[PDB]
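Protein chains in written order, with my numbering: chain A, 1 to 107; chain B, 108 to 330; chain C, 331 to 426; chain D, 427 to 493. Think of the CB as a built atom: it goes at the ideal place given N, C-alpha and C, for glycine as much as any other residue.
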Amino acid sequence: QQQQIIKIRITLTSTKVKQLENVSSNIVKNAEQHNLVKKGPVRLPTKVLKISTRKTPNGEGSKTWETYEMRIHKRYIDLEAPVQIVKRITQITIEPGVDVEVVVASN
Amino acid sequence: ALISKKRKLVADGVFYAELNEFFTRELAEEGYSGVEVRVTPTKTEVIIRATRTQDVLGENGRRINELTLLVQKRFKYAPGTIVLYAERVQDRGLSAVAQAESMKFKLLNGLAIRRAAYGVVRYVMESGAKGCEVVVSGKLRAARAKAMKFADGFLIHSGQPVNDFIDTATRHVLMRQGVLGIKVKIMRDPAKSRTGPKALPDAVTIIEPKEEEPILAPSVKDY
Amino acid sequence: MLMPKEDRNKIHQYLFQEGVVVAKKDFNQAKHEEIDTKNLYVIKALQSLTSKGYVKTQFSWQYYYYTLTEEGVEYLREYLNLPXXXXXXXXXXXXX
Amino acid sequence: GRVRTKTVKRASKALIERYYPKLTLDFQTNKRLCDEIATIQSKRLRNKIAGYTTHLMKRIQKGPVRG
RNA sequence: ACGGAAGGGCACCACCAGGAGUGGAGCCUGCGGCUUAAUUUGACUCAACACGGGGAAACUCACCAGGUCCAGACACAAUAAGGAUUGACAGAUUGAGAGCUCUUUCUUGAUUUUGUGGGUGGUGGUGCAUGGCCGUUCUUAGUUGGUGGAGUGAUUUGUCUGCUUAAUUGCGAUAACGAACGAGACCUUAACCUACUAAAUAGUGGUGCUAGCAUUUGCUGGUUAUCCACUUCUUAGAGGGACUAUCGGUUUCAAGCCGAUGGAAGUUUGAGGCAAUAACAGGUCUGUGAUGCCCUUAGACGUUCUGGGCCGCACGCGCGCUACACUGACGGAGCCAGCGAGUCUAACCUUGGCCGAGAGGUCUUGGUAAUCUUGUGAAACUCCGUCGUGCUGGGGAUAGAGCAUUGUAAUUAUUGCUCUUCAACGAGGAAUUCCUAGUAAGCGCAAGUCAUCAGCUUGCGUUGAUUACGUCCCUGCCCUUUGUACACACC
C-alpha cells in the first residue's frame with residue numbers, strides 16, 4: 001500500500017502555444033478527471049526573446065534593421081496527489097516540443 | 108542543467124539547426140527531408156524523414172548505428188540517452204527540400220535544365236500540389252550569369268498564408284564550371300491541410316438555397 | 331604527420347572499436363575526448379585514413395564527423411593483426 | 427480609404443442576390459446571418475461584407491441598383 | 001527602351017505653414033588629403049562618408065619590423081635497420097627559459113626525411129566568372145490567363161476619357177464577360193472586456209498580530225503563511241467588439257468623401273511583418289568548410305610568437321556631442337516609467353552591513369528569475385533659497401598633479417575620482433536635413449557591442465507645443481500622348 005499525499009508543482013514550458021495549451025488543459029482536466037485537489041494552470045507573462053540585426057551581409061545599402069522574436073510560454077500547475085498518479089501523469093501527457101518538469105517541493 | 112529556460116529553449120533551437128544541417132549533409136544521397144527531436148523519459152528520440160529508409164538503415168542496422176554513435180559522441184550523450192528512427196516521408200513531392208535535392212541530383216547527371224526543371228514541376232503538380240515554381244539562378248555553360256523561372260499552377264506570395272502553405276528550399280548545386288542556385292517552391296493544397304486553416308483568408312463561399320413551394324392556406328398538424 | 335606509433339595505436343584501436351570518430355576543428359587542444367592523444371594527431375591521422383579511402387569524412391559546424399568504410403575495416407584488421415571477422419560496430423550490441 | 431475591395435462587394439452582391447427572404451438594414455442580424463450562411467475565414471472580413479451588404483440592402487430599399 | 005517632346009497626377013526622401021535644427025563655435029566620430037616602416041580594406045549623388053553591426057591596448061588583424069612550426073593527404077621513386085628520422089641540458093645567441101641557429105653528443109626507431117607527381121591552406125585576385133544574401137527602382141501599382149471581339153500577323157481589346165481611393169482602390173462609361181498572382185485579405189502588436197477560466201512567482205478586501213498619532217468609532221504603517229474571501233487593478237488562454245455605425249450634408253443621389261451623434265477606438269483604428277512580374281554588370285569571394293578561374297604554397301600571400309600600426313596632423317567634407325545661459329547655472333528638498341538582461345560545470349545580475357570625500361574596497365545575500373538585483377526611487381521635471389546680466393557662479397576645451405578600477409600588459413595618457421588651470425563660443429554667411437498628435441522637440445534608460453571602453457545604435461517609456469489638413473512654385477517620381485534609324489535598348 002503506497003499512496004501518500006505529496007504536494008507537487010508541474011511546470012509546462014514551450015514555444016508552440018497550441019500544443020502547450022493542449023497538454024495544459026489536457027493535464028488539468030485529466031487530473032480533475034478524478035476530484036483531485038489542485039491550483040490550476042497559472043500563466044506566466046509571455047517571454048519575448050528579440051534579435052536586432054542588419055539585413056545586409058556587408059555594409060552597403062540603406063540601414064535596414066531586421067527584428068526577430070521567439071516566444072517562451074510557461075505554465076505551472078499545482079497538484080495535491082499521491083505517488084502512483086504522479087508517475088501516471090508523467091508517463092503519459094508527453095508532447096514533442098513541450099518541456100515538462102515535475103517538482104515535489106514543500107519547504 | 109540548472110539553466111535559464113531562455114537559454115534552454117535557445118540551445119534546443121541551435122541543437123536542431125546543427126542537427127538538420129548534419130543530417131542534410133550526411134543523408135543527401137538518401138533523399139533526406141528533415142528531422143524532429145523528442146525529449147522523453149529514458150531516451151531522446153531523433154526522428155528522420157528520408158525517402159530511402161531501406162538504405163539509411165544500412166546493412167542490418169549498421170549505418171543508423173554509425174550515425175547514432177556519431178550524434179551521441181558529439182553532443183555528449185550517454186549510450187542509450189538518444190535513439191534515431193527513420194520513417195519515410197509521405198508524398199516526397201510536397202516538401203521543398205526533397206525536390207531541391209532532386210533537381211540538384213538531376214543536374215549532377217547533366218540533364219537539360221529545361222528537362223530537369225519541367226519534369227520536377229510536373230511531378231510536383233502530379234503529386235496533388237496546388238502550385239509550384241522552381242527558380243534556377245547562376246552561370247551555366249555560358250559566361251555571363253543567367254536565371255530561369257519555372258512555375259505551374261496556383262501560388263500566393265503575400266501575407267500569413269506564406270508561413271502556412273508554401274515551402275521554399277534553396278540548394279546550391281556545385282559543378283565544374285561554377286555554381287548554380289536551385290530555388291524550389293511548392294504551394295500545398297489548402298483544402299487538405301489536415302491540421303490548420305483549410306482555406307485562404309480570401310475564400311468566402313456562399314451556400315446555395317432551395318426552391319420553396321408556398322401557397323395552399325395555412326392548416327396545422329396534431330401529433 | 332609525425333607522431334609516435336603509440337598514439338597511432340590509441341587512435342586506430344579506438345576507431346576500429348568505436349567504428350565512428352568525432353573531432354572539433356581546434357588544434358592546440360592538448361588532449362581529445364576518449365582518445366588519449368593530442369587532438370591534432372587524431373585529425374591528421376584521420377586525414378590520412380580518409381584520403382586512402384578507408385574512412386569517410388564530414389564537417390558541419392566546426393566538427394569533423396568520421397565514418398568508417400569497409401576497406402577501412404580490412405585495413406584496421408591488417409593494422410591490428412586480428413583475425414577476419416573481428417569486431418567493429420557491426421553487431422546488434424545489447425538488444426537496442 | 428474605406429473603399430471596399432472587389433471580393434467584398436462581390437460577396438455582398440451574391441448574398442443580397444440569393445438571400446433577400448432574410449437580411450434587413452441592421453448590421454448585427456446581417457452579420458450573424460453571414461455566419462450562419464457563409465464560411466468567411468475572418469471576423470473582420472465577415473463584418474466588412476456584412477456592413478457593405480447592409481449598405482446595399484438599405485440602398486435597394488429606395489430604388490434598385492445595378493448588378 | 002529611351003528623349004534637353006506634349007498633357008495629367010503622386011509625395012514632408014517635394015513645396016506650402018510653422019516647428020526643432022544643421023551649415024558658424026569646442027570636442028567626439030567616419031571619409032579625403034598629407035604623413036608614415038606600416039599608418040590593412042571595401043563603399044563615393046539620392047541608393048558612399050555613427051556604413052561593413054568597423055566602440056582595433058594583446059587577440060581581433062587583413063598592415064609594418066622581426067622569430068618559429070607544417071597542421072606539404074596520397075601514388076611512384078630515392079635514402080636507409082652498420083640506422084630513414086625527432087628531441088635536448090648548458091653555452092654561443094636571440095625580444096624571449098625558441099636546441100630557430102651553432103659548440104659538444106646523448107636520444108629516438110621507420111612515426112619521418114629528399115625528389116616527382118598531386119594535394120592543401122590562403123581577410124591573396126577577380127562581386128566584371130558565380131551561389132546565396134542584400135540594397136534600389138518602390139514613401140510604387142503593376143503582371144497574367146479562359147471564352148469572346150479586331151488583325152494574315154507579331155499583337156490588340158479585357159488592362160478604358162472621367163470620377164474616386166493609399167492602391168489596376170472602386171464606381172462608371174464600355175466589345176467585352178467573368179476571373180488568378182500583386183494591393184486587399186492575413187499575420188503581429190498597442191487600444192476596449194466590474195462579461196468566462198484563474199493565480200504565496202500577480203493583486204485586492206476581511207481578520208488573527210502589532211507600531212505611531214488619536215484616543216469617541218478613527219487615521220497612518222508593519223506581520224513572502226494566521227486563516228478566510230474576492231479576481232476590479234496585474235498576468236494570458238478562449239471569445240466579444242468596428243462594419244468609417246446612426247442621422248445627415250456633397251458629388252453623374254454611383255464609388256465615395258464631408259459633418260454632427262455615439263463609441264475603447266472611425267487618417268488602411270495607430271505602428272509594423274510579409275509582399276508580384278522585371279530591372280542594376282548596386283554591394284557583398286573581408287560572414288560562410290558557398291564557389292569557378294587566376295596567383296601564392298616552406299626565405300608561405302599558410303598559421304603562430306614578440307613589438308608596432310590602423311588613433312599617426314598645415315588642411316576639405318559628413319553623422320554628430322556639449323554650449324553661448326535668468327522658460328538659467330548652482331544647491332537643498334520634493335519624487336514617477338517602460339522596453340530589457342542575468343552564474344554549470346561558474347563568478348553573470350548584485351540587495352544588505354561596515355571602511356572611504358570621492359571613485360572604490362571589504363564581509364555577507366537573493367536570484368538560472370513575474371519569486372532576486374528592481375518599484376530598475378532614471379532624467380528632464382515640481383517645490384525653497386543662493387547667484388543677478390558682468391566672455392558671470394553660463395560654457396567646459398586645453399592642461400598639471402594625486403587616488404582608484406578592467407585587464408599578462410594602460411606610455412600615444414581604456415574608464416572612473418578629487419584639486420587647480422577657466423579657451424573658442426554674445427543665436428551664427430550663402431546654403432541644407434527631419435517632421436503633421438502623444439507626432440515634433442526636450443529627458444533618460446535598457447539592450448547590442450563589451451575583460452575594461454558610448455559622444456553610436458536598436459528599442460523603450462517620461463514632460464509635451466507651434467503649423468497644414470492645401471497646392472504643383474522648386475525637386476524627385478509615375479502615368480498616358482508622341483518621335484525614333486535604339487532592341488547588348490542613350491553607357
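Item, Value
"Measuring only the C-alpha atoms, how far is B/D259 from B/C239?", "6 angstroms"
"If you count every other CB in all the chains shown that lies within 10 Å of the CB of D/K432, and 16 or more means buried, which is it?", "exposed"
"Which chain B residues are close to C/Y395, counting only those with a beta carbon under 8 angstroms from its beta carbon?", "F129, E133, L177, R181"
"Using the three-state DSSP reduction, which class does D/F453 fall into: helix, strand or coil?", "helix"
"Please report whether the beta-carbon of B/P268 lies at a distance below 8 angstroms from any beta-carbon of chain D.", "no"
"Where does B/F272 land, buried or exposed, given buried means 16+ other C-beta within 10 angstroms?", "buried"
"Just grab the DSSP bridge partners of B/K292 for me.", "B/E240, B/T275"
"So for B/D309, helix, strand or coil by DSSP?", "coil"
"Would you call the segment 30-42 of chain A in contact with the segment 78-89 of chain A, where contact means no fewer than 3 C-beta pairs closer than 8 angstroms?", "yes"
"By DSSP, does C/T367 sit in helix, in strand, or in coil?", "coil"
"Quick check on residue 371 of chain D - is its C-beta less than 8 angstroms from some C-beta in chain B?", "What is shown of chain D runs 427 to 493, which leaves residue 371 of chain D out entirely."
"Compare the C-alpha of B/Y230 against each of B/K112, B/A203, B/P316, B/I110 and name the closest.", "B/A203"
"When Cβ atoms are compared, which residues of the segment 374-393 of chain C fall closer than 7 angstroms to chain B?", "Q388, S390, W391, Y393"
"Can you tell me where the alpha helix (DSSP H) with B/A205 in it begins and where it stops?", "203-214"
"What runs of the beta strand (DSSP E), each 3 residues or longer, lie entirely inside the segment 58-105 of chain A?", "65-81, 99-103"
"In chain B, what lies closer than 9 angstroms to C/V372 by C-beta?", "Per Cβ cutoff of 9 angstroms: no residues; C/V372 is ~12 angstroms from chain B at best."
"With a cut-off of 8 angstroms, does the C-beta of B/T147 fall near any C-beta of chain A?", "yes"
"With 16 other CB atoms within 10 Å as the buried threshold, where does B/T302 fall?", "exposed"
"Terminal residues of the continuous alpha helix (DSSP H) containing D/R492?", "Note, D/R492: premise wrong, no alpha helix (DSSP H); not H, not E."
"Please confirm if C/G402 has its CB atom under 8 angstroms from at least one CB of chain B.", "no"
"In whole angstroms, what is the alpha-carbon distance linking C/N358 and C/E364?", "17 angstroms"
"Could you work out which residues of chain B lie near C/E408, taking near to mean beta carbons separated by less than 7 angstroms?", "Ordered by position in chain B, no residue passes the 7 angstroms Cβ test against C/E408, which lies about 20 angstroms from the chain."
"Going by C-alpha to C-alpha distance, which of A/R9, A/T90, A/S24 sits closest to A/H73?", "A/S24"
"With DSSP collapsed to three states, give me the class of B/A157.", "coil"
"Applying a beta-carbon distance threshold of less than 9 angstroms, which residues of chain B neighbour A/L49?", "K113, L116, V117"
"Taking B/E137 and B/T158 to be in contact with their CB atoms under 8 angstroms, please state how far apart those CB atoms are, rounded to whole angstroms.", "7 angstroms"
"I'd like to know whether the C-beta atoms of A/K47 and A/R9 end up nearer to each other than 8 angstroms.", "no"
"For the alpha helix (DSSP H) containing D/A437, name the first residue and the last one.", "432-444"
"Identify, in the order they occur along the chain, each residue of the same chain with its Cβ nearer than 8 angstroms to the Cβ of C/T397, setting aside the five sequence neighbours on each side.", "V350, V385, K386, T387, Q388"
"By DSSP, does residue 70 of chain B sit in helix, in strand, or in coil?", "The structure shown does not extend to residue 70 of chain B, since chain B is modelled only from 108 to 330, so the question has no answer here."
"Please list, in chain order, all residues of the same chain as D/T450 whose beta carbon is under 8 angstroms from its beta carbon, the five residues on each side excluded.", "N456, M483"
"Where does B/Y330 fall in DSSP's three states?", "coil"
"Where do the N-terminal and C-terminal ends of the beta strand (DSSP E) with D/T465 fall, by residue?", "464-466"
"Check C/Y395 in the structure and name its three-state DSSP category.", "strand"
"For my contact list, B/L287 and B/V241 are in at a C-beta cut-off of 8 angstroms; report their separation, rounded to the angstrom.", "With 8 angstroms as the limit, B/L287 and B/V241 do not qualify as a contact, their Cβ atoms being about 12 angstroms apart."
"So, at 6 angstroms on beta carbons, what are the nonlocal neighbours of A/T13 in its own chain, with the 5 sequence-adjacent residues on each side left out?", "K74, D99"
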